[PDB]
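These protein sequence lines are chains N and B, in that order.
Numbering of the first sequence is given in PDB author numbering, commencing with residue 103 and proceeding in unit increments.
Numbering of the second sequence is given in PDB author numbering, commencing with residue 947 and proceeding in unit increments.
Even for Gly, the Cβ is constructed at its ideal location relative to N, Cα and C.
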Amino acid sequence: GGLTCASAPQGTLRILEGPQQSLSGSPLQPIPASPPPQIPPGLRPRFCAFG
Amino acid sequence: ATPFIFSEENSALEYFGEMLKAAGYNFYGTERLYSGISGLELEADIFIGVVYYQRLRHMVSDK
């Protein structure tokens, strides 16, 4: 009436919960790159010679 | 003057020389001076500009 060893298991199942990968879009930056410093339009000379 | 904003293609000297030439000065930043001692226009045109100087805390009055 006691507990005895039974037949060895024939296989093992290991369960884990996993989600999946999306598409590669690689959206690097809101406003991207190093935007260049640049000329103010027209500007004009702010200096003249004497005479 | 942020580092790494001006490349080989877009140079800093090109940019600021265009800025200067747009004000009536010359591209390369050289304006020609006179000698305040002899009164003659020096043969070489000088490189003049505006730079930010700091004054250090080490004075001959303390050393």
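Among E954(B), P949(B), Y961(B) and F952(B), nearest to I141(N) - alpha-carbon criterion: When only C-alpha atoms are compared, the closest one is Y961(B).
Under 8 Å between C-beta atoms of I951(B) and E977(B): Cβ distance not < 8 Å, so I951(B) and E977(B) don't count as in contact.
DSSP beta-bridge partners of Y998(B): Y998(B) pairs with nothing; no bridge assigned.
For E987(B), the residue or residues it bridges with in DSSP: The partner list for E987(B) (beta bridge, DSSP) reads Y980(B).
Cβ-based neighbour list, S1007(B), same chain, cut-off 8 Å, excluding 5 preceding and 5 following: Cβ neighbours of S1007(B) beyond the five flanking positions: none.
Nearest to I992(B) (by Cα), restricted to the options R1003(B), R1001(B) and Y971(B): For the residues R1003(B), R1001(B) and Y971(B), the minimum Cα distance to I992(B) belongs to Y971(B).
Residue interval of the alpha helix (DSSP H) (run including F962(B)): From DSSP, the alpha helix (DSSP H) with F962(B) extends over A958 to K967.
Contact list for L145(N) against chain B, beta-carbon separation under 8 Å: Chain order gives the chain B residues near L145(N) as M965, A968 and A969, where near means a beta carbon separation below 8 Å.
Cβ separation of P147(N) and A969(B), assumed to be a contact under 8 Å, to the nearest whole Å: Sure, about 5 Å apart at Cβ, within 8 Å.
Residues within the region 949 to 963 of chain B neighbouring chain N, beta-carbon criterion of under 9 Å: The residues in question are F950, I951, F952, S953, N956, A958 and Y961.
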